[PDB]
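Got a structure for you, written out below as structure tokens; questions coming shortly.
Chain IDs A, B, C and D follow the sequence of writing; residue 1 opens each chain.
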Amino acid sequence: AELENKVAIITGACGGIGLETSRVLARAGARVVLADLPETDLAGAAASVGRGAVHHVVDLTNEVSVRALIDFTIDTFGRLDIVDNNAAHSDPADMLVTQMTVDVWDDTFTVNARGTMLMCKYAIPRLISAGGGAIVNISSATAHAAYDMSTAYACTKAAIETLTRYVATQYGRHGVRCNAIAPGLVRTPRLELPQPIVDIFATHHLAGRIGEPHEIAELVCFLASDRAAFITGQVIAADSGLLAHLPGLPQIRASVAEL
Amino acid sequence: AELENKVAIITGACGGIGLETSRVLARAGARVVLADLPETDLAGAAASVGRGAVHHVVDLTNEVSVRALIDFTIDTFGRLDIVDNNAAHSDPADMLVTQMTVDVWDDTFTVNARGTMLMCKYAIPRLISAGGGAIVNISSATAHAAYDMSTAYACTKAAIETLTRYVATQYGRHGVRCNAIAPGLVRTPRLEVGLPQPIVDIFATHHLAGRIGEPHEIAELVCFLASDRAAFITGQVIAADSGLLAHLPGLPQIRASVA
Amino acid sequence: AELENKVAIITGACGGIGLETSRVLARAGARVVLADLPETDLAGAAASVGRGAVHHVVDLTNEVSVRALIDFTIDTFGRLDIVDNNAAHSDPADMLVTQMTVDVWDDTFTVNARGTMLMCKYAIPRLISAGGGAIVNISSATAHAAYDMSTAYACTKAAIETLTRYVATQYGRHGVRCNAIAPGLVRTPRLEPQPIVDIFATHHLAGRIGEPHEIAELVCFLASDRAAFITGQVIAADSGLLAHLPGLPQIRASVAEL
Amino acid sequence: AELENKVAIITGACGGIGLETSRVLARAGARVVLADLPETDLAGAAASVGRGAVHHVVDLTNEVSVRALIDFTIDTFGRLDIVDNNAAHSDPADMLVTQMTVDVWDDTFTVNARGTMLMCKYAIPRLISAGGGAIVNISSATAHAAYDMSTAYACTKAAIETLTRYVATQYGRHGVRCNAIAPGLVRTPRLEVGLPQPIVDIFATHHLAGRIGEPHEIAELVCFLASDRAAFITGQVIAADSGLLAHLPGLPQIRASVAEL
């Protein structure tokens, strides 16, 4: 059991990737705390995961709420070993820089950058008390390669990537590891961008398809585990080599096939 | 001359690097506008720069003030070709993740991340009307490699690096280039009061030239990246850090042990 | 069983990292083929791994020999799923750029760059015939950060990092993944000048050098269906060696003084 | 001017990027030495550059020849300040991994990786005698982003980026800078005989300025990194590729689609 006995918190737990992750971590022996906003079916989520899974509301914009979540984990299990900072805000008016408003921008940084920082701020000493532990932060390929939307979101993911290196560095000596995952496109309900945009993206993933939630859950599980004890402060792409190839490859292939 | 007849905004112009960037840009032929907080001596900086350099106050935390800066420039010169987003907030209580307060975090993100974004928001329309132009955003080595201080600062610079890519991708078809510089340690008045000498000296050893940087050595890179010589360089993050991060840690101790 | 039913080839299988990667993969349920030079004790390494591990010589400088290894695996087990390109030549005359001899450079490139390419050249069509599979290439942190020795070696690992992307790019459509691992300092016999080893140890964030098993686990993960959506990557198993500013320990000691 | 009184060796000096980098370095005040294989027209290239440019044959595959080029420069000029390792072999048989031959591979690595190490090996001591100096190594976008051809070429370039980091680290202390430039598609005579047009047009749309580069846009970046304006830039790999690798792959067709949607 790769995570035998560890206590894990997953944020954004009612989301596509968040639910599946909680599942995989439970399946590997962890006692999972599912966390998400009050409006969501946390209870249905936890019931579905099973394996002793519990749940508690969290609002990353609220330092006291972020703190209440960790303190609840400690009330319930007496310890904390693992945290998947998976939650993320993405406003649909997050388009072009010239079109950016301060509200869309600030809402997105408050949840994503500040909130993840707060989660680390209060998780870390618990990890240290436990004898060491693991934080996995979810970033995104969008931090590394741009397009005509998600400017705020993208930039917050970049902040989180640097935040990963700071946690890893400052707390390595106390036995805490921190890594980040930059996923490519993953089939979620927050997807189900229109179909022909998805089809376009799909051709540029080297498997020829978008990812499935469990393919991110499996890297979270691994990075959260002792098998990764010499892996820290890294950003690891789970994106089917989206950025490993020259752009224009699919149409160069079609072109070569003609000529 | 490299920037003949170009109109340039330098924010943080009273600072070590910004004042010096102002000199090199104006020495390379630019009509420069020096901008910084109202309690700074903008009059004196513009005087010391000469060559028809002007000055206008700006408060990056305030969109009105950003709007007012860009418009002053257009009222005065009728065009805008270059922006150097050089201003940066850096709080002395900006220490460890676990010690972070939301006030230190937001102050920093409001000036650095949001402010730079607001500067790009209003400058881009004008640069397009020039028939293309350049934006240089200052980042920092610290975004890429961590230590026990400047976490918030570090994370905001990460954000500006992604922003830079988004600005390049979005407005390349309209003749706008955007690049970021990532300085190593650079000798400024901020620096002398931030770090004590023994630690500065330690850092100096990990720069391959065996010394820390001088402001003008960052200014020249700004100048090249803002100039038409960089016509085919856009969306990059370029380190001016004496290969601070190009060598294995422990090199000087390895070398000392070899002697 | 993370790799139940898979056939794997490990090169440099008698080495510290290669042997201990062989155990782990075998423990995961893979049928493993240990490959190394004829003067190494392959049978004893295969014995120590057990679990049906077999062995066969290979000289990575020689194309015929690489072919013979792939063909041996295929004729034995009827398939191939995993290749850990772990073998590496590391010459002790490999010092500074201005002292470099063509012999040391070429010797190092022939085994590491050309050799890794030849293993891929002939594994790829087989992995394709198996429905798809994974290749893992061992790089080195030294490719991204220089010092006063190992110049040829680091340069060959960079070439390997590029090879990895090409393999992953060219053959992704046909079911083949390829990823690279860049280790920090790991404890082996080849390793064992102590004063240098402890200096390096302070700059790994665990404050120690790596263990071979800690590289093995990552090869294992990357060779498995759990990594189905990871490909073309270079991943650091270096305890954050390059995620922090250099000078950190010395800064921390100065801060413990003042 | 930016390289006043500085002595510069440029390899591959008859090729599109080489010849144009020679002119620019020379326009910037450098005493330039054009170096390329004996079957190229070095005399014509130096006549084109003017400004006192000289020429001399080199074969990167021959250690005795690399040394002879460095010894010639010192004989003529008494010093060496700048080397632009621009020469690269690039073989049309260099297609896919599964199709790679040992000869295509070895020929490419002997010229590109080994050749460039030998240039530095013989140049660096002279850069140190002159009180410090600058090396600029030419790489390629293709070491970072893979496609269906030029595997070997691309791996040698990767080797050269790490090599750059090793020169920079080993000789920083003695006053020697070393950087690399990774170009995107640049209009040269070789792309006119290398890739067909409809493939050039596809690549062109993925470069953010909506076109392939010109050789001078590379030359200017070489010029700057060779000069004392770059004194605190060392060990880097800088892309002059109009952000070919800063955007999501598929952007142009996503834009085509979003306009129809």
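Odds and ends about this structure:
Rule of thumb we're sticking to: a residue touches a chain if its C-beta (ideal position, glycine included) is under 8 Å from a C-beta of that chain, and two chains touch if they have at least 3 such contacts.
Farthest chain from subunit B (centres taken as the mean of C-alpha atoms): C. One inter-chain figure worth recording: subunit C and subunit D are separated by 30 Å, centre to centre, where each centre is the mean of the chain's CA atoms. Between subunit A and subunit C, the centres computed from C-alpha atoms are 29 Å apart.
Between subunit A and subunit D, the centres computed from C-alpha atoms are 40 Å apart. Multi-chain contact residues of subunit B (touching two or more other chains): 142, 145-148, 165, 168-169, 235, 245-247, 251. Chain-to-chain contact here is organised exhaustively, every possible pair of chains being in touch. Contacting chain pairs (ordered by label): A-B, A-C, A-D, B-C, B-D, C-D.
Contact residues of subunit B toward subunit A in the complex are 63, 96-98, 100, 102, 105-106, 109, 113-114, 117-118, 120-121, 124-125, 142-148, 151, 154-163, 165-171, 235. The residues of subunit D lying in touch with subunit B in their complex are 165, 168-169, 172-173, 184, 208-210, 213-214, 217-218, 220-221, 223-224, 229-236, 238-243, 246-248, 251. Looking at the complex, you find that subunit B touches subunit C at residues 141-142, 145-148, 196, 198-199, 202-203, 205-206, 244-251, 253-255, 257-258.
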